[PDB]
Amino acid sequence: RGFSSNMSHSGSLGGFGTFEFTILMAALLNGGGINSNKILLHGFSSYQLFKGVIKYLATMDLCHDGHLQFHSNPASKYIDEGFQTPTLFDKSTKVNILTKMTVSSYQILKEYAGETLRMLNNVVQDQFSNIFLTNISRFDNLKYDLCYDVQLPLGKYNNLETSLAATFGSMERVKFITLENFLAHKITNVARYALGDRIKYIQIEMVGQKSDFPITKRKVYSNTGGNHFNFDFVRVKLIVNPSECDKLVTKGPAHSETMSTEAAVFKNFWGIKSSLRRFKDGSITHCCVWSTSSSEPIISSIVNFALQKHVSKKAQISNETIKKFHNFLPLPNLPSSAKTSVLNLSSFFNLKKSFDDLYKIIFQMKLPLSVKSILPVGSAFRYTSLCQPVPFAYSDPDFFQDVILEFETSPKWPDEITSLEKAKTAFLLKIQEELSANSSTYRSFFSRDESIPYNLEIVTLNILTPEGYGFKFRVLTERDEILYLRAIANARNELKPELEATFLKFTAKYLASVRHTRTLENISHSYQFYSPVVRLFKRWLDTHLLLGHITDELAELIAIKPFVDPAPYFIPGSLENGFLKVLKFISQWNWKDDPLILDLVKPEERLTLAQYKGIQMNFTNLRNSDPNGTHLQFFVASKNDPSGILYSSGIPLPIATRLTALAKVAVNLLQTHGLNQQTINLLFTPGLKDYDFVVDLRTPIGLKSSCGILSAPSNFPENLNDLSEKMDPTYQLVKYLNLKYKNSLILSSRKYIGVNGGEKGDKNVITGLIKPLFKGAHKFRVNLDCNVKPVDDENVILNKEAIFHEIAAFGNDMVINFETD
Amino acid sequence: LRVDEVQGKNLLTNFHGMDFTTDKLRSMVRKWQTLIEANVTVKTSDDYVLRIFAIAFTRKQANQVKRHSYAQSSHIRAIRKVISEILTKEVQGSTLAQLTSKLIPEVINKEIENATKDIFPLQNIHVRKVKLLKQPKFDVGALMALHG
Amino acid sequence: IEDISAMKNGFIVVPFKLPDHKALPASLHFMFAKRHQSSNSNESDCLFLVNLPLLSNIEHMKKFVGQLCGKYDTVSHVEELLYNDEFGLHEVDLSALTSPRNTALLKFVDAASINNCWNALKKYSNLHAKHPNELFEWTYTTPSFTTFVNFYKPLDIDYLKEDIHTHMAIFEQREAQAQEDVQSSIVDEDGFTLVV
């Protein structure tokens with residue numbers, strides 16, 4: 001955890017190391033309780049003693065509300081009085097042991113002590129690798145949420161009265177011995193009163209300081225950082241509170257007749273940002289009114305103003321990396337889109353009120369059956385749509401939201417799938433009759449759904465709203481599962497896994513979507529940063545042409561691991577932290593030998609030992625028949641999906657190894673080259689390499705603004721046949737390209753054209769890999785499924801050129817440039 | 001209803017219970033028929049523990065001759081059991097507002113109706129009560145998701 | 001390479017010149033043929049065709065066989081294109097369950113068309129060796145912007161209602177005159193597979 005007995009008052013993370021551990025545990029062997037009783041016995045094992053120390057520092061405070069008494073020359077005695085410092089007090093030597101600790105060092109020690117107490121109290125999952133075998137202190141970008149790079153050219157000693165806004169005089173040299181002590185203390189106090197409860201923890205790291213110096217010198221000498229003291233510059237590390245960071249009001253003292261102390265300190269601290277405001281409950285309060293940004297949070301502005309007021313005018317605070325992370329978020333085509341906070345979901349609420357206005361009209365309609373349930377399972381209902389829901393921006397493929405329609409338990413459902421789905425469609429015709437009869441502001445048409453293969457009659461009901469949203473209705477009955485299982489029982493041995501695939505996509509479509517939307521939208525108020533994480537991660541899949549093959553909900557469940565499994569880190573409190581946790585984990589998880597088992601609950605219903613071991617034995621039974629992961633690569637299983645194959649099947653292997661490979665490229669990139677603008681530009685840079693062919697596409701009409709992405713949508717057209725005029729044809733292009741060349745090719749494309757298709761949102765690229773099965777000559781078969789050419793009268797090899805003419809003529813006007821290997 | 005939050009000539013409330021008037025059920029209870037009840041303790045998705053009741057009454061069919069049309073004292077076991085397994089299915093899903101959105105048009109009663117009709121047909125069946133005792137926590141986060 | 005006229009199992013090698021394109025800097029697509037052998041009534045005088053071109057419709061097949069009749073001066077008329085499941089959509093039959101890939105069967109009008117056109121494919125199979133520029137060029141129909149956005153176009157509602165009423169109005173009456181006891185017979189035949 002990067003902790004040691006080094007002086008943490010010199011701007012470092014330490015003060016508590018091996019020596020204070022030995023003094024503390026040797027003290028706990030001689031008491032430690034409130035009534036001086038024994039916490040740890042000499043006859044305990046090392047796990048029981050270690051659990052006693054971590055349990056003690058997790059439970060018992062020793063900085064503000066307590067301190068510990070002990071005797072070196074009789075038992076240890078906890079006292080419930082703290083002296084606003086980490087205090088470990090001896091009686092025989094009268095030594096405050098934790099003098100080298102700061103207050104935030106002990107609060108961080110108590111938080112990691114509680115995290116490690118929860119890791120030891122975890123009775124299901126492994127935490128040994130978390131506690132003892134994972135260096136969390138390698139990257140401050142992963143160990144902390146917000147690091148601010150602070151430059152302070154203080155100069156020499158005589159320049160300090162012109163470079164320090166505070167006084168470094170007599171009493172400062174008495175108490176705070178060196179300049180890094182009083183400097184780190186000053187930035188800690190001004191930053192703590194500046195942010196306060198917007199964050200969780202905070203450290204001040206003096207970068208580049210030294211304690212080793214040659215024997216020819218009296219002290220440590222330096223000239224770096226525009227000054228001649230022992231550091232280079234000041235970094236501000238931050239662990240952020242998700243609920244209180246991006247608030248528009250920094251509340252101060254209340255307003256009464258006579259000014260108190262804290263109000264004079266409040267206007268003395270903020271000044272022009274200190275003002276009075278009437279709040280909604282009738283109170284009058286000094287506060288600070290701020291503005292959110294779509295490119296940054298408020299915290300950069302608060303630490304910016306506070307360091308540029310109460311430390312030095314010469315301060316240079318920069319964090320442009322997190323500004324680039326907010327600038328790669330899709331900018332919605334909305335009024336006041338620039339001042340929109342990172343944690344605001346108001347367009348989702350507009351789709352929610354639109355859906356409620358739909359539901360109160362349709363749910364009280366009179367039909368031949370009373371309505372059982374109407375279930376929203378769209379992605380926007382679980383806050384996972386890559387573009388935010390923009391009114392009338394139907395060019396984005398996240399526009400139509402999937403809604404299940406379930407009617408009441410009735411024997412009106414035939415025992416054949418065509419008459420069943422056509423009966424559903426005729427019910428949607430009667431609902432369309434009532435809807436067009438009396439809901440003339442709503443619009444509606446019908447569409448096909450071939451995403452369930454061979455079920456050629458699923459017709460979705462498409463309703464366009466005056467709130468600018470579009471939905472689709474699809475009917476689920478009780479007669480479905482019996483008929484599909486009957487088709488499972490009916491098939492011969494040759495046709496079984498394809499009906500496992502149609503049935504598996506059926507369960508992924510109608511069935512698990514309800515509890516999926518329930519669970520994700522239910523716990524969505526527990527991890528508020530998760531939605532820009534999954535939307536940015538889907539954009540990372542879209543830039544590297546990986547969003548098409550790997551499904552969205554699988555990226556949701558892969559992406560949900562840093563929040564539901566916080567160990568050994570904390571809860572991610574920034575897009576940068578959790579996003580590089582997802583990429584970091586995909587870089588260091590091996591899907592062949594390691595399973596991914598999730599726990600989809602709220603923070604402190606969970607799995608027991610028997611269900612967890614049931615999942616792991618399903619992993620063993622998986623890897624018995626699939627040892628190298630040829631058929632099945634990703635295993636993501638939990639309570640709602642114990643199979644692990646429901647949202648992770650049908651995947652070619654170079655897609656998975658290309659995902660893990662580009663993950664290792666990203667993580668090793670941030671290991672080697674550090675973090676700046678250019679490496680983040682490389683993270684969304686499509687390499688377009690190691691392919692058999694690359695096709696360059698451009699539709700002749702740009703569609704970025706029609707996707708609701710600011711670089712405006714107005715209404716739906718009169719003839720809805722014109723909706724196809726603004727709908728992506730390249731998805732049907734690459735769609736049937738995947739459909740014809742399933743056995744012979746692996747094809748990847750950018751599914752979202754308005755996001756990554758250039759400045760106009762009109763560019764695309766098809767990257768194509770030939771499988772290693774079809775690289776050489778093979779015996780000619782009547783069931784070969786490959787475009788070939790004869791090398792003799794019996795063998796054939798793949799003719800690439802004829803496929804190339806078929807792709808170019810299949811993309812007659814949009815294939816502009818064709819590149820090969 | 002039950003108060004949770006207050007903001008300055010506004011305060012927000014939450015669903016605590018649902019009850020029938022005394023005039024409504026005492027309208028129903030006629031002579032020469034059988035009164036069938038059921039109770040179930042069942043948890044929601046978010047851990048609201050709530051115990052609902054149930055009321056069930058026997059009707060006469062068309063072209064009955066006899067004046068009572070009672071049950072068999074084993075069909076009542078066959079009636080209480082079908083209601084008991086149905087009520088545990090519909091609870092623990094999509095927190096109580098959608099369950100409140102099912103209680104208002106009483107969709108629950110048709111599900112009771114169709115399944116248990118194969119045993120013995122029925123009449124008026126309603127829900128008659130729901131009350132809660134195990135609210136987990138304060139939890140402002142999910143509260144403001146219903147607001148406009 | 002050029003001197004190949006037929007495979008081991010008798011498939012006539014049929015070459016195809018491929019047209020040029022903007023993004024491309026003369027290639028030959030290869031479709032193979034055989035006389036189909038089945039006593040089926042709808043499969044008589046058909047050609048078992050392996051590795052067909054992209055978007056193979058009855059129009060461009062009548063175009064190709066029309067070029068065959070124009071070249072060798074014979075008479076051969078094409079009736080119907082059979083089993084052309086290019087994307088795998090009509091592979092798995094599910095409706096009989098719930099109650100040869102990249103091949104086709106080219107149906108002609110009679111036996112003289114498959115005989116004389118079979119001999120015309122016998123002579124056309126040697127033009128890979130003899131005259132490579134005198135081969136028949138295959139011209140693909142090209143799906144435009146409008147053709148790919150046909151898949152997003154709205155369904156025609158009234159013909160759907162016609163297909164509902166005319167679909168149920170025949171099959172529910174055949175079912176209605178083959179009613180209840182036969183239904184018990186078949187479902188409890190899934191009975192004798194349900195115990196045994």
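Rules and cut-offs
- Residues numbered from 1 in each chain as written, not as in the entry; some residues may be left out.
- Chains lettered and ligands numbered in written order.
- Part of a larger assembly, values for the part shown.
- Heavy atoms only, no water.
- Contact = heavy atoms within 4.5 Å.
- Pairing = 2+ DSSP bridges.
- Helix = DSSP H or I, 4+ residues; strand = E, 2+ residues; numbered from the N terminus.
- Axes fitted to C-alpha atoms, helices over the stretch in contact; angles between N-to-C directions.
- Patch = residues over 30% accessible without salt bridge, like charges linked within 9 Å, V, L, I, M, F, W, Y side chains within 5 Å.
- Areas by Shrake-Rupley, 256 points an atom, 1.4 Å probe, with all protein chains shown as cover.
- Salt bridge = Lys/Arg side-chain N within 4 Å of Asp/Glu carboxyl O.
- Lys, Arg positive; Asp, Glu negative; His and termini not counted.
- Charge placed at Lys NZ, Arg CZ, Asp CG, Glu CD.
- Buried < 20%, exposed > 50% of the residue type's maximum accessible area, 1.4 Å probe, protein only.
- Buried area = accessible area lost by both parts, 1.4 Å probe.
- Polar contact = N/O pair within 3.5 Å; in protein donor to acceptor, adjacent residues only side chain to side chain.
- Nonpolar A, V, L, I, M, F, W, Y, C, P; charged D, E, K, R; others polar.
- Domains from an automatic or database assignment.
- Parallel < 35°, antiparallel > 145°, perpendicular 65-115°, else oblique.
- Left-handed = near helix turned anticlockwise from the far one by under 90°.
- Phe/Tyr/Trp six-rings, centres within 6.5 Å; stacked < 30°, edge-to-face > 60°.

## Observations regarding the arrangement of the chains
Contacts are most numerous, across the 2 pairs of chains in contact, for chains A and C. These two, chain B and chain C, are apart from each other, with no contact and a minimum C-alpha gap of 20 Å.

## Quick word on the sheet that holds strand 15 (residues 470-476) of chain A
Residues and elements named next belong to chain A. A sheet is described by the order of its strands in space; here 5 strands give the open sequence 11-12-15-14-13, paired in mixed fashion. Every other strand in the sheet has two partners, leaving strand 11 (371-376) and strand 13 (443-448) as the edge strands with one partner each. When the angles between neighbouring strand axes are averaged without regard to direction, this sheet yields 25°. Here 6 bridges tie strand 13 to strand 14 (residues 459-464), and the two strands are oriented antiparallel to one another. Paired with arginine 448 across the two strands is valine 459, which belongs to strand 14. Sitting on the sheet, helix 12 (residues 346-362) touches strand 11, strand 12 (400-407), strand 14 and strand 15, and the angle it makes with strand 15 is about 50°.

## A look at a positive patch on the surface
Residues and elements named next belong to chain B. Residues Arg30, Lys31, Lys60 and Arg67 make up a contiguous surface patch of positive charge. Looking at where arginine 67 falls in the secondary structure, it is placed in the loop between strand 5 (49-57) and helix 2 (75-90). A relative accessible area of 56% means that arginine 67 is categorised as exposed.

## Considering the interface of chain A and chain B
Listed per partner, the contact involves 18 residues of chain A and 22 residues of chain B. A buried area of about 1500 Å², summed over both sides, lies between chain A and chain B, and 49% of it is on carbon and sulfur atoms. Summed over the shared surface of chain A and chain B, the number is 2 salt bridges. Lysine 372 of chain A is the partner of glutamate 111 of chain B in a salt bridge, and the nearest nitrogen-oxygen pair spans 3.8 Å. Our count for the chain A to chain B interface comes out at 5 residue pairs in polar contact. Mapped by element, the contributors of at least two residues to the side of chain A that touches chain B are helix 12, strand 11 and helix 15 (496-522) of chain A. Split by residue class, the side of chain A that touches chain B holds 4 nonpolar, 6 polar and 8 charged.

## Focus on the domain arrangement of chain A
Split by domain assignment, chain A resolves into domain 1 (1-139), domain 2 (140-248 + 292-318), domain 3 (319-688) and domain 4 (689-821). In this structure, domain 2 of chain A and domain 4 of chain A have C-alpha centres spaced 53 Å apart.

## Quick look at the sheet that holds strand 7 (residues 249-254) of chain A
All names here are of chain A. Strand order in the open sheet formed by 3 strands is 7-9-8, and the pairing between neighbours is antiparallel. Each edge of the open sheet is held by one strand with a lone partner, namely strand 7 and strand 8 (275-278). Within the sheet, the average angular offset between the axes of one strand and its neighbour, ignoring direction, is 50°. Summarising the sheet, strand 7 and strand 9 (residues 284-289) pair through 4 bridges and their orientation is antiparallel. When the sheet's bridge partners are listed, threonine 250 is paired in strand 9 with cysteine 288.

## A few points about the pairing of strand 20 (residues 763-770) of chain A
All names here are of chain A. For strand 20, the tally of buried residues reaches 7 of 8 residues, placing the bulk of the element in the interior. With 6 bridges connecting them, strand 18 (residues 693-698) and strand 20 associate as antiparallel partners. Across the sheet, the residue bridging to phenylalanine 693 is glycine 768, located in strand 20. Across 4 bridges, the pairing between strand 19 (residues 745-748) and strand 20 is antiparallel.

## A short note on the domain arrangement of chain C
All names here are of chain C. Taken domain by domain, chain C comprises domain 1 (1-109) and domain 2 (110-169). A C-alpha centroid distance of 9 Å is found between domain 1 and domain 2. Contact residues are listed per partner, giving 43 residues for domain 1 and 29 residues for domain 2. Taking both partners together, domain 1 and domain 2 bury about 3400 Å²; carbon and sulfur atoms supply 70% of that area. Taken together, the links from domain 1 to domain 2 amount to 0 salt bridges. Joining domain 1 to domain 2, the criterion identifies 12 residue pairs in polar contact. Sorting the residues of the side of domain 1 that touches domain 2 by element identifies strand 1 (12-17), strand 2 (28-33), strand 3 (46-50) and helix 1 (58-72) as the ones contributing at least two each. Of the residues forming the side of domain 1 that touches domain 2, the biggest block, 9 residues, is contributed by helix 1. Grouping the constituent residues of the side of domain 1 that touches domain 2 by class yields 25 nonpolar, 10 polar and 8 charged.

## Some details on the interface of chain A and chain C
Taken together, the contact between chain A and chain C spans 64 residues of the former and 58 residues of the latter. Buried area between chain A and chain C, both sides added, is near 6000 Å², and the carbon and sulfur share of it is 68%. Among the residues of chain A in contact with chain C, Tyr454, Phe780 and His805 of chain A are the three that bury the most area, contributing 12% of the side total. Our count for the contact surface shared by chain A and chain C stands at 3 salt bridges. The shortest N-O distance in the salt bridge between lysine 740 of chain A and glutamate 86 of chain C comes to 2.7 Å. Seen at the junction of chain A and chain C, the total is 18 residue pairs in polar contact. Residue assignment for the side of chain A that touches chain C shows that the elements contributing at least two residues are helix 13 (417-438), strand 13, helix 14 (479-490), helix 23 (730-740), strand 22 (788-790), helix 25 (800-810) and strand 24 (815-820) of chain A. With 8 residues, the top contributor of residues to the side of chain A that touches chain C is helix 25 of chain A. Here the residues of the side of chain A that touches chain C are counted per class, giving 32 nonpolar, 16 polar and 16 charged.

## Considering the packing of helix 8 (residues 179-194) of chain A against helix 10 (residues 299-310) of chain A
Residues and elements named next belong to chain A. The geometry of helix 8 relative to helix 10 is characterised by a closest axis approach of 10 Å and an angle of 135° between their N-to-C directions. The orientation of helix 8 relative to helix 10 falls into the category oblique. Between helix 8 and helix 10 lies a crossing whose hand is right-handed. Facing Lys186, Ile187, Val190 and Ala194 of helix 8, the residues of helix 10 in contact are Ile302, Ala306, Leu307 and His310. Grouping the constituent residues of the contact of helix 8 with helix 10 by class yields 6 nonpolar, 1 polar and 1 charged.

## Some remarks on the packing of aromatic side chains
All names here are of chain A. In this structure the tally under the stated criterion is 49 aromatic pairs over all chains. Pairing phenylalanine 381 with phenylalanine 471 gives two aromatic rings, centres 6.0 Å apart and planes at 35°, and the pair type is tilted. In this pair, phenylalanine 381 is assigned in the loop between strand 11 and strand 12 and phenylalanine 471 in strand 15, connecting sequence segments 90 residues apart. Just as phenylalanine 381 is buried, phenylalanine 471 falls in that class too.

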